[PDB]
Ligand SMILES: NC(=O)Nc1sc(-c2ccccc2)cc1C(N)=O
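The chain below stands alone, shown as C-alpha cells; this is the form solved without the ligand.
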C-alpha cells in the first residue's frame, strides 16, 4: 500500500514515539466516477532519514498488517514521502490507553480493566499463534476505539498499535529508558527477542492498567532502572491488586516460566 506525499494533509501534531513524530492528517484519493474520498488518518513520521530504522519501522507494521484481527490497529499504507518515511494509520478519537487511564482512573473499575486486558490478551494470543513478535507492548501503544457504554451494553474497545522501530536495532540507552517494559533478557542481549518478550511486556502493561496509568519506575534514571533488573526487583502490587499474581507470573525473570496467553486468558476470565 504505497501513498503519495501530495495525497497526505498534515494537521495538528499529536505527540511522538522513539525517533517518530505523530500527526493528525487527511488521506486524499481519487475514486471512480470522479469521486474524491477523504479519510481521517494518523500520520507516523520517521525523524530525519533514519535508514536502518525506517526498514525496521516499516518491516514491523507490514508483517502485522498482513494479518487480520479486530484488536490490531489498521494501517492504510506507507509513503516514501520524499525526505520523509510515513506510516498511514487509522485515526482513533480517544487516543492512547495510557492517556485515557490517567484522566479516567476515577470512573474505571475492575470490570472495565478486565475486559480491556482480555482484548489485549486476545490480540497477543493471535500473534503468538502466528509466531509474530510485537516487541513494544505498553499502554501507550494501545488505542481506545470505543468507550464503555453499559446503557447500550457496549464494552470498551481497544486495539494494539504497531511496534515501531525494533528494540533489536535501537540504542541500548533507549532500551534502558524503556525498563521495565523491555524484558531483562533483552537488556543483556537484544538478540534474545522471543515470543516470551511480549509476555513480560504484557505484565508491565497490566500494571499500567491496574495503576490508573501510572508509569512504573518513570521517576528513576537509567542507571537505577538497570539496577532494578540486576537485583531482580519486581514491581510492587498495584492498589487495585486483583491482578497482582498474574502481573508477577508474566514478569518472571525466567522467560520459560511466563504463562501462555491461553493461560493468561484463563486467569483473566476466572476473576469474572
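Residue numbers count along the first chain shown, from 1.
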(message) Tell me which stretch, 73-81 or 114-122, has the higher mean Cα B-factor listed in the entry.
(response) 73-81
(message) So, looking at the entry's B-factor column for Cα atoms, which has the higher mean, 149-157 or 126-134?
(response) 149-157
(message) Take the CA temperature factors straight from the PDB entry and tell me which of 240, 206, 235, 41 peaks.
(response) 240
(request) For the C-alpha B-factor as written in the entry, point me to the maximum among 172, 140, 178, 105. (result) 105
(message) Test of reading the entry: by CA B factor among the chain's modelled residues, which third contains residue 101?
(response) middle
(request) Quick one: classify residue 86 as lowest, middle or highest third of the chain based on its Cα B-factor. (result) middle
(message) Could you place residue 255 in the lowest, middle or highest third of its chain by Cα temperature factor, using the values in the record?
(response) lowest
(request) Taking the values exactly as deposited, rank residue 165 by C-alpha B-factor within its chain and report the matching third: lowest, middle or highest. (result) middle
(request) Looking at the entry's B-factor column for C-alpha atoms only, identify whether residue 197 ranks in the lowest, middle or highest third of its chain. (result) middle
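The form solved in complex with the ligand is left out here; the points below concern that form.
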(message) Quick check: superpose the C-alphas round the site, drop in the ligand from its position in the bound PDB entry, and tell me whether this chain leaves it open or blocked (blocked if 3+ atoms sit within 2.4 Å of backbone or C-beta).
(response) open
(message) Given a 4.5 Å cut-off on heavy atoms, tell me which of 87-95, 124-132, 111-119, 189-197 is the interface stretch with the ligand in the bound PDB entry.
(response) 87-95
(message) Contact check in the bound PDB entry: 3, 26 and 81 versus the ligand, with a cutoff of 4.5 Å between any heavy atoms. Do all three pass?
(response) no
(message) Can you tell me whether residue 143 touches the ligand? I mean in the bound PDB entry, with a 4.5 angstroms heavy atom cut-off.
(response) yes
(message) Please determine whether residue 246 contacts the ligand in the bound PDB entry, using a 4.5 Å cut-off between heavy atoms.
(response) no
(request) Indicate whether residue 42 is a 4.5 Å heavy atom neighbour of the ligand in the bound PDB entry. (result) yes
(message) Please tell me whether any heavy atom belonging to residue 14 falls inside 4.5 Å of a heavy atom of the ligand, as the geometry stands in the bound PDB entry.
(response) yes
(message) Need the contact residues for 187-205: heavy atom within 4.5 Å of the ligand in the bound PDB entry, sequence order, or none if there are none.
(response) none
